[PDB]
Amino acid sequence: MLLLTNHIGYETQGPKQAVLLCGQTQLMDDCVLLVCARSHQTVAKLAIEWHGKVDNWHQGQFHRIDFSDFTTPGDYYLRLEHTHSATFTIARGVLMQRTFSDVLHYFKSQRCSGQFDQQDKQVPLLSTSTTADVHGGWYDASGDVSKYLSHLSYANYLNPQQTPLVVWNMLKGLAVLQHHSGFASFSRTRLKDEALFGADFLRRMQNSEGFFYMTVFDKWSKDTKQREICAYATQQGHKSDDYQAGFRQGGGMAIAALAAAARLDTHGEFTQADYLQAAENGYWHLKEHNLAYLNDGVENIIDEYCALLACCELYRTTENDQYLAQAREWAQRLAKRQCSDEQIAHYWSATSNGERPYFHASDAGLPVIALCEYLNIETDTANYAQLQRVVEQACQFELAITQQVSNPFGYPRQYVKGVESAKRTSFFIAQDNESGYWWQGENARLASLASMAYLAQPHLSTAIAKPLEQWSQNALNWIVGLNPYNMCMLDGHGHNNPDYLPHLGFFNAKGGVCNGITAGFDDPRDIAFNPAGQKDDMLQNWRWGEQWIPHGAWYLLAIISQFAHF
């Protein structure tokens, strides 16, 4: 008997729900009390909405309690007979003004420093006798002082955007809140400071030929002397000299950041001109050699969304028609990844035939986000209205799929497929993917989708506005404690914050978001977080408790997009 809630709070003018975890499909009393937390007096009577089993999640039976129409600010909790929820807050831009500072502190806490950053001034390029100066940037995870543009390059369909995404997300934040007087001056300064710190690093990560180094990998040794520019593969981190980052391999996103970084009135250790050049150069180089840098030699959706962003950002900065033309092409290419099949319409396909769907535990939003950046700069109304309808259909999909089974928690669902298994709709990603091993929590994904929904509202019918308000909130709610494990994954907030590997001195950091909750280790249709079986297996326990900078970066853009939307 648990009343699961957002451990932080709900928007005054926003969707609000909770979820009841119990034993039965119905109870005697069908009502829940919203109670003022100071006065302990009831302030609303709430109807329970029955549901029960969810996929095959062990914990028990789950039900929904909506209290959206309630719009009076303050602190409340839910009560149900004996049991009552944790206190939460209803206010305007609650998440933003509560967490934003701490998330940014996290980033500043995880800046590459000391021994490691000294060494990163003279880093071996694998297989050569060359060095590069690639100091700066952020350590990637609670237990990894390696620094990434991307990894899992070898699986092809999995490449997550890492250090670049951080930078671009931050710049994109500054963008939406420039002119917003409710965003404090010091708070704007802090976001520039961090963003430009990142930009500098991205600029340093570009080899003179025009490509960007993909990884600075230490094989998880925490050895200074093992820090090498490379790629790697498998869970044993076999290093390889394919360190050229293609569009999907984090290069596309690195261009987009540096182009946006160029538009700031201030700059970092490098000038605005320095950034823009590195962007333009880096783009036309990949326009030539992308395919040579792709492990399977075929561009997929990830390349398409990444490159579109790069072009959209370069046009904005330079106003040079070439880039609008390139955007237009990439957009048309991306719109082609919109596929319908015999059991679901307008899903995103990785492959061009529609045989393997797109699904991502990190950047799942970007398809729609990237199209929205295009729509923002596309003045020809034929092109606009075409790709407008793509964005509309893709959002209709996200809603359709997520509401096609019993889903009290509102957890965004997705179309997945394993290397050797059938296309199926799912809560979590296919564990049996091309990596051979890789799967973890999706907090990044959730916040990515949340961000997508908020940023798309400009280009969407007001028919589908309110539904996405809910979808996006339900995603965020999960991250901060409206989940079966009654666990806030944002550290230093809510309850039951998970740590990673304290006994080895690899702690989580306050303000960071951890990987999060996954499908069952043994049972794809169950749910798992640090399950007893594998909780102590250091080969597996990374999947849940460990923090990873994309989770934070997407959370940061989500809360800012949310703040802007109210």
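Numbering starts at 1 and runs along the sequence shown.
As recorded in the PDB entry, 461-469 is the stretch of 429-437 and 461-469 with the greater mean C-alpha temperature factor. In this entry, the residue among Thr89, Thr189, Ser127, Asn477 with the greatest C-alpha B factor is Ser127. Across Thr271, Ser451, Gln162, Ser362, the entry's maximum B-factor at the CA atom is seen for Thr271. When the modelled residues of the chain are ordered by C-alpha B-factor, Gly505 sits in the highest third. Ranked within its chain, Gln26 lands in the highest third, by CA B factor from the PDB record. In the PDB entry, a CA B factor belonging to the middle third of its chain's modelled residues is recorded for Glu373. Ranked within its chain, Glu355 lands in the highest third, by CA B factor from the PDB record. Looking at the C-alpha B-factors along this chain, the one for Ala528 belongs to the middle third.
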